[PDB]
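Only one chain is included here, represented as structure tokens and corresponding to the form deposited in one PDB entry.
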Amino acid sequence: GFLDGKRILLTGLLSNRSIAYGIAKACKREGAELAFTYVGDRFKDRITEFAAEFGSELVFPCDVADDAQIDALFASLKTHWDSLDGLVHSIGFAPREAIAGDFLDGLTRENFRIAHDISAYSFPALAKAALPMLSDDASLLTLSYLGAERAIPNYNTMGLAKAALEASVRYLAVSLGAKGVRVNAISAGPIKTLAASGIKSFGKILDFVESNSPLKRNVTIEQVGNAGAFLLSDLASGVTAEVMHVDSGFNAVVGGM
């Protein structure tokens, strides 16, 4: 496959509906060797089962709020892998208050801090901690959403954090690019995952994108996964600092009128 030989670390695989699950499945199909992170002891058994499905026993804890766990992740990983070819950052979090209702009602200094720390800072933080073991043709991928670009109701503080995340893709690309490392994001359309499940208005967004996107259909983790595998691969060696929409074209219309 077009990732033969490539060693790829994936964060964010929480259930079999996770975007990271789709990316894992496509990377394994194309020949990559995988490793996984998880957060919290109670998920160790579950992520171990997913790793095994993808032919791997490489699982490591990493809460990206914690500098020591980010350093320990790569210290552990390096006892197995000489080098790392791919990193998938599929991590987002804001306190519930901050993505419900009115933007200002949910705004506090701490809600802002936490949303930007986990959803944006953690991507270049993982990149920096990985760099000593990154291969020269490595590829780093994160997941963003259209709320970075345009204001979407309720996304609120997460939209600010995703805009900072997309900017980090560009500054990472410059930092890491003379070495040869590529950095990109997929701006994925709405997909019913665990994270999406806490958003009251999510059903309405899904209906709206189905009715108004050019392809008149919502995207799947298989579609996001295949685009992810492409970006992580040498097929995409001309592509860096890009935010690729995988959203049935929804970003490119004015819908619903």
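Take the two forms, superpose them, and find the largest set of C-alpha atoms that agree within 1.5 Å; that set is the rigid core. Only residues modelled in both forms are compared. Position 1 is the first residue in the sequence shown; the rest follow in order.
Below, we refer to the form deposited in another entry, which is not included among the displayed structures.
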Inset, instruction - Would you mind telling me which residue of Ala65, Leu215, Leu206, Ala196 shifts its Cα by 2 Å or more between this form and the one not shown when the core is superposed? - result: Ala196
Inset, instruction - Answer with closer or farther for the CA-CA spacing of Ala115 and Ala195 in the other entry compared to the shown form; it moves by 3 Å or more. - result: farther
Legend entry - Note on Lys204-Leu194 C-alpha separation in the other entry, which departs from the shown form by 3 angstroms or more: closer
Inset, instruction - Give the consecutive runs of 3+ residues, present in both forms, in which every C-alpha shifts by 2 Å or more between this form and the one not shown after rigid core superposition. - result: 192-201
